[PDB]
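Trainee: This is the structure I have questions about; it appears just below.
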Amino acid sequence: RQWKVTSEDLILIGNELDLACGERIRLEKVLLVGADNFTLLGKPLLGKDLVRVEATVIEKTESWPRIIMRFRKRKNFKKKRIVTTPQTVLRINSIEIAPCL
Amino acid sequence: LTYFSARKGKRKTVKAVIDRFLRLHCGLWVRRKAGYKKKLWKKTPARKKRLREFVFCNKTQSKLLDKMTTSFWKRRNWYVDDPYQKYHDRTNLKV
Amino acid sequence: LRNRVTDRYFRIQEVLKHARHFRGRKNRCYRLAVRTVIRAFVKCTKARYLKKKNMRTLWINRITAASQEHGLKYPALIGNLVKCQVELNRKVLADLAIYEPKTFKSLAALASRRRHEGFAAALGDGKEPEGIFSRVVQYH
Amino acid sequence: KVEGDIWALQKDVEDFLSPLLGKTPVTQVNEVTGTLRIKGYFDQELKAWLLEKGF
Amino acid sequence: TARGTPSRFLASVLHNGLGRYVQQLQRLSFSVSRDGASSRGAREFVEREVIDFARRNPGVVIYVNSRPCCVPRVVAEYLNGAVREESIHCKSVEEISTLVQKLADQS
Amino acid sequence: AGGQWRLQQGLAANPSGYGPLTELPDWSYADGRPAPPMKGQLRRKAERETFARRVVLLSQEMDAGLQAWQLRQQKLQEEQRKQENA
Amino acid sequence: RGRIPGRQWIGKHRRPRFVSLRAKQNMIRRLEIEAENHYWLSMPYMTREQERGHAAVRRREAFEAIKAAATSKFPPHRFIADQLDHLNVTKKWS
Amino acid sequence: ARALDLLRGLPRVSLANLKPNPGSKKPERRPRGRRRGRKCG
Amino acid sequence: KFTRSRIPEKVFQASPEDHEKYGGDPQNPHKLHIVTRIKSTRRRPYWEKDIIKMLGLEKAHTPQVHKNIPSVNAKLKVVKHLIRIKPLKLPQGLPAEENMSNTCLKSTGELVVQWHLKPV
RNA sequence: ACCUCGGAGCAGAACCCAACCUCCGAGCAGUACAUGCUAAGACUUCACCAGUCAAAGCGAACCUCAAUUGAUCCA
RNA sequence: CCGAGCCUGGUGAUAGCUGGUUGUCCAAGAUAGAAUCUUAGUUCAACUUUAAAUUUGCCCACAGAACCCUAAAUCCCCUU
RNA sequence: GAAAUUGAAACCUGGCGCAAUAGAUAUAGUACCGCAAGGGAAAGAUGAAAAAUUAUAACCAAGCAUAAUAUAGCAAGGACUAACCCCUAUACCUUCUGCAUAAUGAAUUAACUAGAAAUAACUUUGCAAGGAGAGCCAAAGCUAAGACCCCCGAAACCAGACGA
Ligand SMILES: [Mg+2]
Ligand SMILES: [Mg+2]
Ligand SMILES: [Mg+2]
Ligand SMILES: [Mg+2]
Ligand SMILES: [Mg+2]
Ligand SMILES: [Mg+2]
Ligand SMILES: [Mg+2]
Ligand SMILES: [Mg+2]
Ligand SMILES: [Mg+2]
Ligand SMILES: [Mg+2]
Ligand SMILES: [Mg+2]
Ligand SMILES: [Mg+2]
Ligand SMILES: [Mg+2]
Ligand SMILES: [Mg+2]
Ligand SMILES: [Mg+2]
Ligand SMILES: [Mg+2]
Ligand SMILES: [Mg+2]
Ligand SMILES: [Mg+2]
Ligand SMILES: [Mg+2]
């Protein structure tokens, strides 16, 4: 799934990546990056050497308890279940672009 | 059928099936075909011999009367001058 | 009596604990809440698909709006985008119009140019130089 | 009443009964009780096998 | 339920991403006992992994009471002071290791 | 939208099916090291692998069936020569 | 005004449903690709008596694998390890 | 034996360390709940 | 009443007009049919739903391969109206053992042996 | 008005198929007296009860019709 | 509160009929009909379920399945 | 539904029985109802000391006050800066081919209220051409354990009492 992001901004994902807390990661896929007076759109994405999007993993929760109830009428069909999906909080530390173009 | 009696609290076998059927220890039950003593004059020879011959029973109705009977009637009995001795046991039965 | 439940007090309190915000005699009594607590939980489940459909269609209205401000419509818009090979979903496409209309103007200008390229292709399918932006990238 | 290493015994009878059936036996063992459980009647074969070995 | 439960906008504690990362778990207070069959998971966890857990995380501080308790508990407070207690009653060592690990991970 | 256009060039109607939008790695270490494969990518490769092993099995069996007939026909033409020679 | 007798979709008289060009365009697409199908599954590769006995080996060995899977049915193996690990619930410090 | 040398290291047996063979005493199933309770079979 | 419909074999005889349309040369015919399901299994007779399950196409949008032979032809003929059919053709020869993992399908029915995942 | 059984259409083409649906019938008769005894293998009025066909052998010569009917106890 | 009183006892009468039948979680799963003082029910069949033994099951290819009085199909069937 | 036949071993002071809607109906056959036979209840709770009314024991069912009302709709969900305002949503159980149904039951709260078991099988032991603490079963069976089978309701029939 997509996200609009910048630097110094938080972001959440609904799964675990198997990354220890505090580690940095370089993201490969970017659809576009844009500055105050121009924009760099891809076909579909931009090149690897063009950008370097670095982000740190800071925090990992079990999701708040999401309750589900499946019910049907006048037939005694009912059930309960509570899920706590894993979540991870990333932050894009900084973004930079290369002179190659 | 009369699961617990009143004087001893045990199953009670009705003497109906005793007079009608006979047991082999393998779990089989035989019987004389009905209508073998009535209106023989009109029946063809092939019919009356089919009535005179014994016949086994399905597993269900055999199981039904097996629920009725008690363990005393299911034991092994070694009778003398009994032609059913060759048939109480079973031979060459696979699955 | 030999065996009696002692924690009946607690197994109902957890039900009413979730149903405190209900109105009327529902939050106070038990059986009134049992009818509504499971119904409220059932409506919570399938409301996600409504959250998907509502927020999805809402983004369509937003991008349809910003396109009309620039002089285009949404069906022609995304057609030029996917034709020009930009896989931007309706979230960012809408959100881009919120904060940088100058960028969305470039997206609309990019989209409108592909329409004229497509209409030029409608006149002559081949036998011509293809559109500069209509050119595609071949992966293998 | 298998006593000691049942895995050595069940491996022996497996290799012994393998060529008769054409397939390796898939039998079951219980080292707690020290018992075996083999499909098919092979008692006359197992009796002669245990006697010639001297059990 | 969303409406019955409170909510919040997403935010981190003092922007731990840009600068040096700090393990935002401050303290762990284990409540085990010399008896009670339910404490087998916690005690064996104290034997093997709590040692390595401390070597892995020098920042976090750990305390163990080791008093009579019918049910073992584990208490964990963070830098903000938000106390969060979870029950480790009748749990395996593998589950407790993953449980203490995610507690170290979360804020 | 655009599914009919994507399959015109040969691309997936849904871009999430295959292509660079999903098959590339979605994250890597900041030091430039390669991240492990994703679970979706692993099962997709295993699906295509069994798919490829299946197609090779399907093709060679048909070739074995075709030649096995012609080897039988050469045997058929052989025994007919044997008949007239006898 | 404008009611109908009984149910809207059954009986001697029901609501007369009519067609739209959308549904027309949808169904012609389904049968025209079926005409593309009709072309392709014609012109077979092999003859009946050509493909007679080429795959009997696989279908035989595959069924024998199902036979071995069916015969392989027993209770699991029991151990003294998993039996006496229950004793360790009372492991306690000196 | 390999059986006895485990017990000497393993703890002492008592009522708390006692358990039957799994598969012998299957659990009783009473008609109380959603599954059986409605009509009880 | 409704029953299994026998189809005349004359319908499945490509004319020269059909040959020029789909580009399928009659000589050198392809070997394998890429099959995919579009129409639902529901609201179909018991013989139509179990056959497609016997073919293994309970899942929709799942390309699955079958042979081009008269025996299997009878199967997906009676349930031809539940699926798409597309022939198999490849320029890069059969998949070699070294390139078993780096395969990839295409919307045009192609099956490339090599997939290095970047453009020209 | 009907309650059991047989034949024809509905049910055209392996089998089965109901309607207080449309028609025709039966509750016998005739000829032998090996119309005697046994026995392989199968069908079966959608269960069972029943109803059916029968090689061969012993012993002998040198059955037709379609329904044409009735269990158990008891006498 | 007499088509035959009221009280106790037999009596927790019986009722193919209605009423209702308490904790959590998962899987499979509506199916021809025959007989019945029988059609509001029951027994069997069939279907469904559990734990198993064995191997074929299903789709089905040429051939094959009525004279009487021109249908879609059907039965069987090695291969696949 | 037998019998002939066979033949058992203790001191009583204990309870894996209950704690006021339970346990005898019982604080008592008392109140009360019925001319009569007969039917038939409900409840109490301090503290060592009440010749200490001391004394937060304070917090908890339904019901109310403290603290009424705000366009619109199964009373909520998604949510939202914001309760409402927006989009979505035809109560529960029984019954039925099929129910929001305008079919049944339910004002609400607390307590009480409804699947008991045998052969025959199956799982786990034990021993084994033997098994079982006479008796019983047996062509690998036998012995032991396991899990398996609800409540409420009629018009009535009979016997003996009590009443003009
Ligand atoms: Mg959608
Ligand atoms: Mg109407
Ligand atoms: Mg039959
Ligand atoms: Mg003869
Ligand atoms: Mg009166
Ligand atoms: Mg009753
Ligand atoms: Mg299911
Ligand atoms: Mg076959
Ligand atoms: Mg009392
Ligand atoms: Mg209150
Ligand atoms: Mg509204
Ligand atoms: Mg409705
Ligand atoms: Mg209920
Ligand atoms: Mg009705
Ligand atoms: Mg109502
Ligand atoms: Mg009613
Ligand atoms: Mg009465
Ligand atoms: Mg009477
Ligand atoms: Mg007077």
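Following the order of the structure tokens, chains are lettered A, B, ..., residues in each are numbered from 1, and ligands are numbered from 1.
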Could you list the residues in chain C lying within 10 Å of chain I, using only C-alpha atoms, and format the result as a PyMOL selection string?

Mentor: chain C and resi 137-140

Trainee: Please produce an output containing N, CA, C and O atoms for each residue in the selection, written as an mmCIF file, in the first residue's frame.

Mentor:
```
data_model
loop_
_atom_site.group_PDB
_atom_site.id
_atom_site.type_symbol
_atom_site.label_atom_id
_atom_site.label_comp_id
_atom_site.auth_asym_id
_atom_site.auth_seq_id
_atom_site.Cartn_x
_atom_site.Cartn_y
_atom_site.Cartn_z
ATOM 1 N N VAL C 137 7.662 1.500 -21.289
ATOM 2 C CA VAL C 137 8.880 0.814 -20.873
ATOM 3 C C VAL C 137 8.604 -0.681 -20.864
ATOM 4 O O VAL C 137 7.579 -1.132 -20.338
ATOM 5 N N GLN C 138 9.523 -1.451 -21.442
ATOM 6 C CA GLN C 138 9.380 -2.896 -21.576
ATOM 7 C C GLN C 138 10.262 -3.579 -20.540
ATOM 8 O O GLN C 138 11.488 -3.423 -20.564
ATOM 9 N N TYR C 139 9.636 -4.332 -19.640
ATOM 10 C CA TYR C 139 10.332 -5.082 -18.608
ATOM 11 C C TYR C 139 10.432 -6.550 -19.003
ATOM 12 O O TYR C 139 9.549 -7.096 -19.669
ATOM 13 N N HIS C 140 11.521 -7.185 -18.583
ATOM 14 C CA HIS C 140 11.755 -8.590 -18.895
ATOM 15 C C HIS C 140 12.828 -9.174 -17.984
ATOM 16 O O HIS C 140 13.178 -8.582 -16.963
#
```

Trainee: Can you tell me, as a list in words, what residues are no more than 10 Å from residue 53 in chain K when counting only C-alpha atoms (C1' of nucleotides), ignoring any on the same chain fewer than 4 positions away?

Mentor: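 Answer for this query is residues 94 and 95 of chain B; 70 and 71 of chain G.
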
Trainee: Please identify the alpha helix (DSSP H) residues within chain H (assignment by DSSP from backbone atoms) and present them as a ChimeraX atom specification.

Mentor: /H:4-9

Trainee: Check every protein, DNA and RNA residue against ligand 12, keep those with an atom at most 9 Å away (counting only C-alpha atoms (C1' of nucleotides) and all ligand atoms), and present them as a PyMOL selection string.

Mentor: chain L and resi 90+99-101

Trainee: Got a sec: who's within 8 Å of range 32-34 of chain H, counting only C-alpha atoms (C1' of nucleotides), leaving out chain neighbours fewer than 5 positions off, as a list in words?

Mentor: residues 76, 77 and 78 of chain A; 22 and 23 of chain K

Trainee: Would you list which chain A residues are within 12 Å of chain K using only C-alpha atoms (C1' of nucleotides), as a list in words?

Mentor: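 Using only C-alpha atoms (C1' of nucleotides), chain A residues at most 12 Å from chain K: residues 78, 79, 80, 81 and 82 of chain A.
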
Trainee: Atoms to include: C-alpha atoms. Write the selected residues as a PDB file, in the first residue's frame.

Mentor:
```pdb
ATOM      1  CA  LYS A  78     -23.155 -16.548  17.339  1.00  0.00           C
ATOM      2  CA  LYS A  79     -19.432 -16.424  18.030  1.00  0.00           C
ATOM      3  CA  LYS A  80     -16.659 -14.213  19.394  1.00  0.00           C
ATOM      4  CA  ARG A  81     -12.992 -13.668  18.601  1.00  0.00           C
ATOM      5  CA  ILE A  82     -10.396 -11.083  19.632  1.00  0.00           C
TER       6      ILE A  82
END
```

Trainee: For ligand 16, return the neighbouring residues as a PyMOL selection string (distance at most 8 Å; only C-alpha atoms (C1' of nucleotides) and all ligand atoms).

Mentor: chain L and resi 95+103-104

Trainee: Between I:34, I:74, I:14, I:94, which residue has the minimum interatomic distance to residue 108 in chain I, considering only C-alpha atoms?

Mentor: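 Using only C-alpha atoms, residue 108 in chain I sits closest to I:34.
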
Trainee: Write as JSON, numbers by chain the residues around ligand 2, taking 10 Å as the cut-off and counting only C-alpha atoms (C1' of nucleotides) and all ligand atoms.

Mentor: {"G": [3, 4, 5, 6, 7, 8, 9, 14]}

Trainee: Compute the set of protein, DNA and RNA residues whose minimum atom distance to ligand 17 is at most 8 Å, using only C-alpha atoms (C1' of nucleotides) and all ligand atoms, and state it as a ChimeraX atom specification.

Mentor: /L:154-156

Trainee: Please save C-alpha atoms (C1' of nucleotides) of the selected residues as a PDB file, in the first residue's frame.

Mentor:
```pdb
ATOM      1  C1'   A L 154     -54.280 -31.033  30.542  1.00  0.00           C
ATOM      2  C1'   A L 155     -59.747 -32.862  30.239  1.00  0.00           C
ATOM      3  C1'   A L 156     -59.746 -37.598  32.932  1.00  0.00           C
TER       4        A L 156
END
```

Trainee: Using the chain letters and numbers from this document, which residues of range 5-106 of chain E does DSSP assign to strand (DSSP E or B), as a ChimeraX atom specification?

Mentor: /E:25-31,61-64,73-78,83-87

Trainee: May I ask for the distance between CA of residue 37 in chain A and CA of residue 105 in chain C, given in Å to one decimal place?

Mentor: 12.5 Å

Trainee: Name the residues, by chain letter and number, that sit within 12 Å of ligand 5 using only C-alpha atoms (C1' of nucleotides) and all ligand atoms, and give them as an NGL selection string.

Mentor: (:K and (1-2 or 4-6)) or (:L and (163))

Trainee: Give me a file of those residues, with C-alpha atoms (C1' of nucleotides), as a PDB file, in the first residue's frame.

Mentor:
```pdb
ATOM      1  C1'   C K   1     -66.718 -22.811  38.889  1.00  0.00           C
ATOM      2  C1'   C K   2     -71.752 -30.295  38.905  1.00  0.00           C
ATOM      3  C1'   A K   4     -71.922 -35.022  37.691  1.00  0.00           C
ATOM      4  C1'   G K   5     -69.369 -32.610  44.051  1.00  0.00           C
ATOM      5  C1'   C K   6     -65.096 -31.537  47.088  1.00  0.00           C
TER       6        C K   6
ATOM      7  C1'   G L 163     -70.164 -32.158  53.367  1.00  0.00           C
TER       8        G L 163
END
```

Trainee: Within 9 Å of ligand 7, which residues show up when you count only C-alpha atoms (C1' of nucleotides) and all ligand atoms? List them as a PyMOL selection string, please.

Mentor: chain K and resi 27-29

Trainee: Suppose we keep C-alpha atoms (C1' of nucleotides); can you now write the selection as a PDB file, in the first residue's frame?

Mentor:
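Just written: result-v9.pdb:
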```
ATOM      1  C1'   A K  27     -14.499 -29.201  11.318  1.00  0.00           C
ATOM      2  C1'   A K  28     -18.022 -32.139   8.282  1.00  0.00           C
ATOM      3  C1'   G K  29     -23.165 -31.761   7.018  1.00  0.00           C
TER       4        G K  29
END
```

Trainee: Compile the residues of chain K that lie within 8 Å of chain I, evaluated using only C-alpha atoms (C1' of nucleotides), and express the compilation as a PyMOL selection string.

Mentor: chain K and resi 59+72-73+79-80

Trainee: By how many Å are CA of residue 19 in chain H and CA of residue 37 in chain D apart?

Mentor: 24.2 Å
